[PDB]
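# experimental coordinates follow, after the sequence.
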Amino acid sequence: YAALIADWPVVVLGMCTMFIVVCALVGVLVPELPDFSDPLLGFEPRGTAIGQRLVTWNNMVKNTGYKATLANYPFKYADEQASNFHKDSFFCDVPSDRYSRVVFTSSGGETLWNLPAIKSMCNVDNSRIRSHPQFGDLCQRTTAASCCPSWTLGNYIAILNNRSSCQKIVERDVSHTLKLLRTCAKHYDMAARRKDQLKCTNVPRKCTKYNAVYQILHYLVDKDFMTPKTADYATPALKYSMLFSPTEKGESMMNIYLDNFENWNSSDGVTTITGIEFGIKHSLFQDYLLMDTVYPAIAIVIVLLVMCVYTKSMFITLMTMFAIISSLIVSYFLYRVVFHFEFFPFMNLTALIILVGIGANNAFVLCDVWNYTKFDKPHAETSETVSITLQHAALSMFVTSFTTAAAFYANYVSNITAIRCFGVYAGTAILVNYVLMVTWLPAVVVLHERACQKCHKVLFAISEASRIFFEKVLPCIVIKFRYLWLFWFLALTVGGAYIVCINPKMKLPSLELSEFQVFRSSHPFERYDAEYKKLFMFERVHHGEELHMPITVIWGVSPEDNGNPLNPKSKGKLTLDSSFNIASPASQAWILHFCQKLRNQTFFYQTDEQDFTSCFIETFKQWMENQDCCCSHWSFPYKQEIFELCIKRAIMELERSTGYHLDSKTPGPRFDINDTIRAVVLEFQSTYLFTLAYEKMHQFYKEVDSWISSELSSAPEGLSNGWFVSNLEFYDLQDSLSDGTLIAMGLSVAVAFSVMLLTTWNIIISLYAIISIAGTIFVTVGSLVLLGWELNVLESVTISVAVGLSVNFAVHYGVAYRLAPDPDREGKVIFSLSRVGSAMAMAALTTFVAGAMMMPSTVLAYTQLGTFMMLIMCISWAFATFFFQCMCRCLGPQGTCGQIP
Ligand SMILES: CC(C)CCC[C@@H](C)[C@H]1CC[C@H]2[C@@H]3CC=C4C[C@@H](OC(=O)CCC(=O)O)CC[C@]4(C)[C@H]3CC[C@]12C
Ligand SMILES: CC(C)CCC[C@@H](C)[C@H]1CC[C@H]2[C@@H]3CC=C4C[C@@H](OC(=O)CCC(=O)O)CC[C@]4(C)[C@H]3CC[C@]12C
Ligand SMILES: CC(C)CCC[C@@H](C)[C@H]1CC[C@H]2[C@@H]3CC=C4C[C@@H](OC(=O)CCC(=O)O)CC[C@]4(C)[C@H]3CC[C@]12C
Ligand SMILES: CC(C)CCC[C@@H](C)[C@H]1CC[C@H]2[C@@H]3CC=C4C[C@@H](OC(=O)CCC(=O)O)CC[C@]4(C)[C@H]3CC[C@]12C
Ligand SMILES: CC(C)CCC[C@@H](C)[C@H]1CC[C@H]2[C@@H]3CC=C4C[C@@H](OC(=O)CCC(=O)O)CC[C@]4(C)[C@H]3CC[C@]12C
Ligand SMILES: CC(C)CCC[C@@H](C)[C@H]1CC[C@H]2[C@@H]3CC=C4C[C@@H](OC(=O)CCC(=O)O)CC[C@]4(C)[C@H]3CC[C@]12C
Ligand SMILES: CC(C)CCC[C@@H](C)[C@H]1CC[C@H]2[C@@H]3CC=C4C[C@@H](OC(=O)CCC(=O)O)CC[C@]4(C)[C@H]3CC[C@]12C
Ligand SMILES: CC(C)CCC[C@@H](C)[C@H]1CC[C@H]2[C@@H]3CC=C4C[C@@H](OC(=O)CCC(=O)O)CC[C@]4(C)[C@H]3CC[C@]12C
Ligand SMILES: CC(C)CCC[C@@H](C)[C@H]1CC[C@H]2[C@@H]3CC=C4C[C@@H](OC(=O)CCC(=O)O)CC[C@]4(C)[C@H]3CC[C@]12C
Ligand SMILES: CC(C)CCC[C@@H](C)[C@H]1CC[C@H]2[C@@H]3CC=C4C[C@@H](OC(=O)CCC(=O)O)CC[C@]4(C)[C@H]3CC[C@]12C
Ligand SMILES: CC(C)CCC[C@@H](C)[C@H]1CC[C@H]2[C@@H]3CC=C4C[C@@H](OC(=O)CCC(=O)O)CC[C@]4(C)[C@H]3CC[C@]12C
Ligand SMILES: *[C@@H]1O[C@H](CO)[C@@H](O)[C@H](O)[C@H]1NC(C)=O
Ligand SMILES: *[C@@H]1O[C@H](CO)[C@@H](O)[C@H](O)[C@H]1NC(C)=O
Ligand SMILES: *[C@@H]1O[C@H](CO)[C@@H](O)[C@H](O)[C@H]1NC(C)=O
Ligand SMILES: *[C@@H]1O[C@H](CO)[C@@H](O)[C@H](O)[C@H]1NC(C)=O
């Protein structure tokens, strides 16, 4: 093979170039452009035995009945034969959470009860919001000039006074309202009085305006809550104050934020803006993404310089960077076209950075080996030199790349879709980059055969410095101490294990699915949702608003998920039916007995006022004991000939008599299009309060499912029947994250250990390598959990990639343990050090820098990836070198080897 790369470089160069050009061209032309519109799109498990039920339930809700061509699941249609408002008080409506808002703080002295702060609120509202051309104002009064007031606290100060305006303040109404709140705050024990002209019930005081006090304490500023155990001084300090806006929130608002809020720190010296809610956190996202392609580019540039210092040429560095980019391109082509599945979950974006930190990890090695094979046997042909260097470097480069490739492929086990796609893409990228490192680089190396004094002398100075560093002093500083490092790293390993296994481990996520932190942790959009949603009362009351958890039993459809689950488009499913029957009287009696028994439990909650949300057979039987209509005065289980008609007549009569809305969620039995009772749906109220934690939800699900699983029913409606499905999907996400992470970590560790054992043929060295990998994993994850982290759809992949990146700085030191000198421990170490220390140090430094350049970004994935890469590379290099070399006091010259070659 070596004869090919020799004397024929341009051939393979042109061939690879044409292959890459056609690959890029097809991959750009044929498939469609990715969306990036939704930052979170694949974060839903599939085929987890609960995701199937959630999908089937959401499909059942989708196909509601319609008066005109229901076309599926109508309620009764085939047989159906039909033939506040005042404009006074300057305000439109009570405050709600469907209007845009901001929050002011950061005053001098931490107190805003003063004319400056209120006037600044009014001024910034008039300047940054009203001045922009806007048509979203309510304009309750037909006059556009009186569209709506600014809704500040000064407006309430004014309306509590006789003269009302945003500007004209007397400074006496301020003190009046301060005393008013100081004396009537204890009444908040009360609710909205609706003081149009007076209130009905016995009120605490008859000096209440149109819900003035209740609004100012409930919806507006509520930091202190005005009921603490502080001093009797009627002047307490308030921290944060919220200000609404009459216009609605949504994608329409985004324009305003583009113009006035991006660059401006604070409008006034006395007030600032520390939290904003316009409802555009997930729509603006895409834009910032583009704005943060600066930091990657710079990183790439820096990398080049480093290589241009190590490999003295620039040709090699340029061709290596081209090889990496080419690998990304051809990997995308293999991803979208031949593999045939279509989804680009934006996590693949953060793949680029990773590859830049791993593509060079081999280049150096190759070049290095070449130079060595050039020092020995100087007078030689290119073919034999190429064959020698290939035999010396190919196996090591393949092990180094394939371990990480396997670690990235092992994420094809988890159920989430984003993780699956990211794993497949990154694995293919790494393997293709290895193939290019084996084919493209030898060609360019062979082909490369070709104030100067100052640059040359300083470069030689740097070269001799690096040589004397990695050749003399590092072996001494590593092998002389030899006892501080052992105990130090054992202490660090034990501490990491204690932080991962005993003291607070990686807590499962707590924010809801719709409120994932996507931007930086200091952006206004994120600071609001992190703190001020929890510090204000009008949203804290909704937070855990005593919502009980429902049950749901369905017999019609079958829990069958068929939506191309193999990396789906995350779209497209289908419903279906079954072959049971509910017509037999035995089935009716069994349903009655099932309801009677299910009410005899400890998880069922009782309310005494259920009309129809409970079982329908009970309400139907209650509709009996009547006549003059046909069937009356019979036994309970009927011959179903009358029942087929009575079940329509009764449901029609009841839906006519009561029920303003009974569609798409109510437990009424579901008919087919023409004539039958296809599906039935029962629901009950439980007593578990819908916590957001994991343990309680797990307990509830396990208990209710284990109880309802026992059916022992008639032949019809017994199979495909159980179908307990509550609103538990966040618990599904948490469980899927946990299981996927565990299994992927296990597989990655197994592959790493197997490859490390098969590459050296020595168990004594494999054991030390395993100890080092374990220590690195433990310390890295301990540091990550100390900084404050939690399992998400990124850290779950990072934990698995850490194992793959760990063995890198150990396979090389194990391979470099094959040499001529005999001495067991104090020998055969300086050789490996002086030979591979420079390569390992440079290979770690380049990815350290390429990861550290991501810190100033704004998107959160970039920051997290940067800090993780920095941490893992520092810790892995330190452990590998110091530990692995220092713990070589236990190996001899013929400890152990393999049996048969
Ligand atoms: C598509 C891009 C990204 C890669 C293109 C790769 C090749 C088509 C190019 C890249 C650099 C080129 C080389 C740049 C310089 C030279 C030296 C040139 O000879 C001289 O400069 C004369 C003096 C001497 O040889 O001493 C002969 C062509 C050659 C080998 C070129 C051959 C074609 C090469 C390998
Ligand atoms: C240094 C070399 C070897 C690699 C460079 C990698 C990146 C820094 C490059 C590759 C893709 C480039 C992007 C390709 C396309 C676009 C869209 C382009 O969009 C517009 O010009 C929008 C305005 C308009 O179209 O009128 C702006 C530059 C940008 C983000 C480019 C920015 C620079 C990127 C990220
Ligand atoms: C150690 C390494 C070399 C092992 C192989 C790793 C990857 C090359 C493999 C692992 C799992 C594979 C995937 C497993 C299953 C599928 C579904 C498969 O579906 C079909 O073939 C559908 C055919 C049709 O109906 O048209 C397409 C390839 C794909 C994505 C595979 C692509 C190649 C993958 C990523
Ligand atoms: C992997 C990173 C570290 C390097 C840079 C690559 C990406 C960050 C670049 C390459 C392609 C770029 C995209 C190319 C085209 C578009 C479409 C563009 O669409 C619109 O402006 C409107 C679309 C519509 O609504 O129809 C928005 C920016 C976006 C997503 C760009 C965002 C930035 C992207 C993803
Ligand atoms: C799909 C295409 C474009 C690329 C496929 C990759 C092959 C071109 C690579 C993959 C692994 C390579 C092999 C890896 C290692 C060796 C051992 C090497 O052994 C020697 O020359 C021994 C020299 C000595 O005695 O020191 C000979 C080349 C060879 C077979 C390599 C030949 C090129 C191979 C087959
Ligand atoms: C290889 C090393 C780095 C560990 C990698 C995994 C850990 C970083 C994470 C992933 C899954 C996590 C677990 C996911 C779920 C749970 C159950 C959770 O259970 C409860 O809260 C109590 C009720 C119960 O025991 O189920 C306690 C934390 C724990 C063990 C977590 C502990 C930390 C784990 C093992
Ligand atoms: C190279 C290898 C050796 C690295 C380490 C891999 C495993 C040996 C680690 C990774 C995750 C660890 C687990 C993380 C969390 C737990 C839960 C812990 O139990 C609880 O937290 C129970 C809490 C409760 O009572 O609700 C017991 C240890 C265990 C199983 C740990 C056992 C050791 C595990 C499997
Ligand atoms: C022989 C020497 C050169 C070895 C050096 C390697 C370790 C001793 C270093 C490298 C990574 C360092 C860690 C990187 C990050 C952190 C997290 C950091 O966390 C916090 O500061 C938590 C509190 C907070 O900031 O809110 C505490 C220090 C620590 C554990 C560092 C401790 C020292 C570590 C383990
Ligand atoms: C051995 C030689 C060749 C290199 C040694 C490099 C270190 C001495 C320096 C150079 C780059 C430095 C980093 C450059 C940028 C940052 C980001 C910086 O970020 C913040 O302060 C976070 C701000 C926030 O919380 O928003 C923290 C320090 C850090 C990691 C620096 C840590 C110290 C580093 C690694
Ligand atoms: C070995 C030779 C060839 C290269 C050595 C490079 C380092 C000496 C320098 C050059 C570029 C530096 C980086 C340039 C920019 C930044 C971003 C900077 O970001 C912040 O300070 C974060 C601010 C924030 O929190 O918003 C942190 C230091 C860092 C990583 C620097 C760390 C030190 C680096 C890598
Ligand atoms: C000089 C080099 C060769 C050896 C010593 C390196 C340490 C001084 C570096 C390595 C990792 C660094 C840490 C990497 C990341 C962070 C997170 C950073 O906080 C953020 O930017 C936000 C993090 C987040 O949001 O998750 C604060 C600095 C810190 C602890 C860095 C502190 C300095 C550390 C320990
Ligand atoms: C203040 O109150 C008096 C009597 O209650 C009323 O006549 C007067 O109009 C009020 N002030 C203003 C500016 O309306
Ligand atoms: C914000 O920066 C501007 C100049 O860019 C400055 O005039 C203003 O005083 C700053 N804000 C504060 C609160 O000082
Ligand atoms: C359920 O309620 C009480 C005991 O909880 C009992 O009198 C009644 O008979 C029970 N019903 C059934 C069907 O067991
Ligand atoms: C509608 O129901 C009638 C019942 O007799 C049946 O004959 C017919 O095939 C049904 N049509 C469809 C499209 O299911």
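Cool, the structure landed. Numbering: from 1, shown residues only. Ligands and ions are numbered 1, 2, ... in the order given.
# from now on I want contacts and neighbour counts done on CA atoms only, so please keep to that.
Fine.
# let me know whether stretch 330-341 sits next to ligand 5.
No: using CA under 6 Å from any ligand atom, stretch 330-341 stays clear of ligand 5, coming no nearer than 12.1 Å.
# what residues does that stretch touch?
With CA atoms under 8 Å, 6 or more residues apart in numbering as the test, stretch 330-341 has contacts from 20, 23-24, 26-27, 31, 342, 425, 428-429, 432, 566-569.
# which one is residue 24 nearest to, not counting chain neighbours?
Computed as CA to CA, 6 or more residues apart in numbering, the closest residue to residue 24 that is not its neighbour in sequence is residue 329, at 6.1 Å.
# buried set for the helix or strand where the one you found lies?
Under the criterion of DSSP states H and E, residue 329 resides in helix 315-333. Buried residues in helix 315-333, defined by neighbour count with 16 or more other CA atoms under 10 Å: 316-317, 320-321, 323-333.
# one more: stretch 749-762?
Quick answer for stretch 749-762 (16+ other CA under 10 Å): 749, 751, 752, 753, 755, 756, 757, 760, 762.
# quick check: closest non-adjacent residue to the fourth one.
In space, not counting the residues next to it along the chain, residue 753 is nearest to residue 770; the distance is 6.9 Å by CA to CA, 6+ apart.
# got the phi and psi for the one you found?
When quoted as degrees, to the nearest 10, the phi and psi of residue 770 stand at phi -70, psi -40.
# next one: it from ligand 5, what distance?
27 Å (CA to the nearest ligand atom, to the nearest Å).
# now do residue 483
Residue 483 is 39 Å from ligand 5, by CA to the nearest ligand atom.
# next one: residue 604
64 Å.
# also residue 197?
As judged by CA to the nearest ligand atom, residue 197 and ligand 5 stand 86 Å apart.
# likewise residue 516?
42 Å.
# next, count neighbours for that residue.
Neighbour count of residue 516, defined by other CA atoms under 10 Å: 16.
# hang on, the earlier thing: ok, now which ones touch the residue nearest to residue 24?
Applying CA under 8 Å, 6+ apart, the residues near residue 329 are 20, 23, 24.
# can you report how many residues lie near the last one?
For residue 24, the tally of surrounding residues (other CA under 10 Å) stands at 18.
# tell me the one of the buried residues of stretch 749-762 nearest ligand 13?
Nearest to ligand 13 among the buried residues of stretch 749-762 is residue 749, at 51.8 Å by CA to the nearest ligand atom.
# chain neighbours aside, what residue packs nearest to the residue of the chain found nearest ligand 13?
As assessed by CA to the nearest ligand atom, ligand 13 sits closest to residue 269 within the chain, at 4.1 Å. Sequence neighbours aside, residue 107 is the residue nearest to residue 269 in space, at 7.6 Å (criterion: CA to CA, 6+ apart).
# spell out the secondary structure type for that neighbour.
Per DSSP: H, G, I helix; E, B strand; the rest coil, the local secondary structure of residue 107 is coil.
# how close does it get to residue 237?
Using CA to CA, to the nearest Å, we find residue 107 at a distance of 11 Å from residue 237.
# which stretches in the stretch 101-250 of the chain count as helices?
Here the stretch 101-250 of the chain has its helices, by DSSP state H, counting those that start in this stretch, at 115-124, 153-159, 172-184, 212-218.
# so which of the ones you listed comes closest to ligand 5?
helix 115-124 (63.9 Å).
# and that closest one, how far from the chain's centre?
Relative to its parent chain, helix 115-124 has a centroid offset of 39 Å by CA atoms, centre = their mean, to the nearest Å.
# return the residues of the protein in contact with ligand 5.
Counting by CA under 6 Å from any ligand atom, the residues of the chain near ligand 5 are 1, 387, 388, 390, 391, 394, 435, 439.
# possible to save these as a markdown table with secondary structure?
Listed next are these as a markdown table, based on three-state DSSP:
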| residue | secondary structure |
| --- | --- |
| 1 | coil |
| 387 | helix |
| 388 | helix |
| 390 | helix |
| 391 | helix |
| 394 | helix |
| 435 | helix |
| 439 | helix |
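# of all these, which two lie farthest apart?
388 and 435 (18.4 Å; CA to CA).
# on contacts alone, who are the packing partners of the helix or strand harbouring residue 18?
Per DSSP H and E: residue 18 is located in helix 9-29. Counting by 3 or more CA pairs under 8 Å, 6 or more residues apart in numbering; DSSP states H and E, the packing neighbours recorded for helix 9-29 are helix 315-333, helix 417-447.
# contacts for the next helix or strand after the last one?
What that stands for is helix 417-447. Toward the C-terminus, helix 417-447 is succeeded by helix 452-468 as the next helix or strand (DSSP H and E). The contact list for helix 452-468 (CA under 8 Å, 6+ apart) reads residue 838.
# residues in this protein within reach of ligand 4, list them.
36, 289, 290, 293, 296, 349, 350, 352.
# how far away is the second one from residue 705?
I take that to be residue 289. 44 Å.
# so how far is ligand 4 from residue 250?
From residue 250 to ligand 4 the distance is 16 Å (CA to the nearest ligand atom).
# I figured that residue hits residue 282, correct?
No: using CA atoms under 8 Å as the test, residue 250 is too far from residue 282 to be in contact (10.3 Å).
# surely residue 665 touches residue 60?
No: between residue 665 and residue 60 there is no contact, the gap being 9.3 Å when judged by CA under 8 Å.
# pick out whichever of the two has more residues nearby.
Higher neighbour count among residue 665 and residue 60: residue 60, with 18 against 12, using other CA under 10 Å.
# tell me the secondary structure for the more buried one?
With three-state DSSP as the criterion, residue 60 reads helix.
# again with the one 5 residues further on
Three states are possible here, and by three-state DSSP the one that applies to residue 65 is coil.
# nearest residue to the closest residue to ligand 5 within the stretch 551-700 of the chain in space, please, no chain neighbours.
At 26.4 Å from ligand 5, residue 567 is the closest residue in the stretch 551-700 of the chain, using CA to the nearest ligand atom. Ranked by CA to CA, 6+ apart and with sequence neighbours excluded, the top spatial neighbour of residue 567 is residue 417, at 5.7 Å.
# residues touching that neighbour, list them.
42, 43, 44, 45, 46, 567, 568, 570.
# inside strands: which ones of those?
Among those, no member falls in strands (criterion: DSSP state E).
# what's the closest of those residues to residue 721?
Of the contacts of residue 417, the one sitting nearest to residue 721 (CA to CA) turns out to be residue 46, at 20.6 Å.
# the closest one: how many residues sit nearby?
Residue 46 has 27 nearby residues by other CA under 10 Å.
# and if you look at the one 10 residues further on?
Under the neighbour criterion other CA under 10 Å, residue 56 is assigned a count of 22.
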